[PDB]
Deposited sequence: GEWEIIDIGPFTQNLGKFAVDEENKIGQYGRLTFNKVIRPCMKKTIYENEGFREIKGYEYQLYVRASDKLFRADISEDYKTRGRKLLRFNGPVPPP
């Protein structure tokens, strides 16, 4: 499935917010406050198109994390696949 690099405008920032909101619900890390998504952000398209996956570098509570998020083309449902950190700056 093709890969590409996407910019870090408000669409992508909302993806980072989704990651932190979802992580906060799970409660593995405890309370994170979302700051910003930083570059690079990668998007995988799975084929029409079945859906997508986003790999993000998310700044939350003054630290950096990796989150992976999937999106279904047909239903538009989103899910936080993975979230770990802190990781060193790219």
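Residues of the deposited sequence lacking C-alpha coordinates, counted from 1, fall in a single stretch, 48-53.
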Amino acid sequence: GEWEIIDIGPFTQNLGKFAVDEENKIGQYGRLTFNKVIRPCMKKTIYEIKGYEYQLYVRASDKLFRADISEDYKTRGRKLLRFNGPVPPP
From here on, numbers count along this sequence of modelled residues.
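So that the term is clear: the rigid core is the largest set of C-alpha atoms that superpose within 1.5 Å between two forms.
Comparing 13-21 with 70-78 in 4 other deposited structures of this protein, after superposition on the rigid core, the stretch with the greater RMS C-alpha deviation is 70-78. When 71-79 is weighed against 18-26, 18-26 comes out higher, by mean CA B-factor as recorded in the entry. Of the two segments examined, 49-57 and 27-35, it is 27-35 that shows the higher average Cα temperature factor in the deposited entry. Annotation for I8: C-alpha temperature factor in the lowest third relative to the rest of the modelled chain, per the entry.
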